[PDB]
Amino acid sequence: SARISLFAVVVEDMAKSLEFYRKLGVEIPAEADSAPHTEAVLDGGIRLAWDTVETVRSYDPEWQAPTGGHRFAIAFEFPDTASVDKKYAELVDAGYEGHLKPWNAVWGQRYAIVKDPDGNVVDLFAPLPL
């Protein structure tokens, strides 16, 4: 059967998107900033990819950015709770959308939510000490 190979996000501006993800530890060569397509190889070989809007329009010419809630989220795990709070403050200070400030989630994790430059939700979390 098939295997999940890539999770790809559509970006209005490659440089601005990669800039955000680099702050989250994704390894992306500076040069990628000017590319129409970029991809980073993650654990197990699965890749996270980025494709510019103009690039997406090659097969979906009528594509237009959506408005509203997220249908997709990428969750980043941190070594401890303080790291979560620190990264959230860093991203918010950098002008990114702080959706839900750090809090002790009822499911047992220090949790926080921000949105990337294109409206995708990005969760930051760390297991709460037991």
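Numbering starts at 1 and follows the sequence shown.
*Asks:* Could you settle it for me: does 99-107 or 37-45 have the higher average Cα B factor in the PDB entry?
*Replies:* Higher of the two, by average CA B-factor, is 37-45.
*Asks:* 114-122 versus 21-29: which one carries the higher mean Cα B factor per the record?
*Replies:* Higher mean C-alpha B-factor in the PDB entry: 21-29.
*Asks:* Looking at the C-alpha B-factor of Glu54, is it in the lowest, middle or highest third of its chain?
*Replies:* Within its chain, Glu54 is a highest-third residue by C-alpha B-factor, going by the deposited values.
*Asks:* Taking the entry's C-alpha B-factors for this chain, is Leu128 in the lowest, middle or highest third?
*Replies:* Answer is highest: the recorded C-alpha B-factor places it there.
*Asks:* Compared with the other modelled residues in the chain, in which third is the CA B-factor of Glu77?
*Replies:* Middle third - that is where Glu77 ends up once the chain's C-alpha B-factors are sorted.
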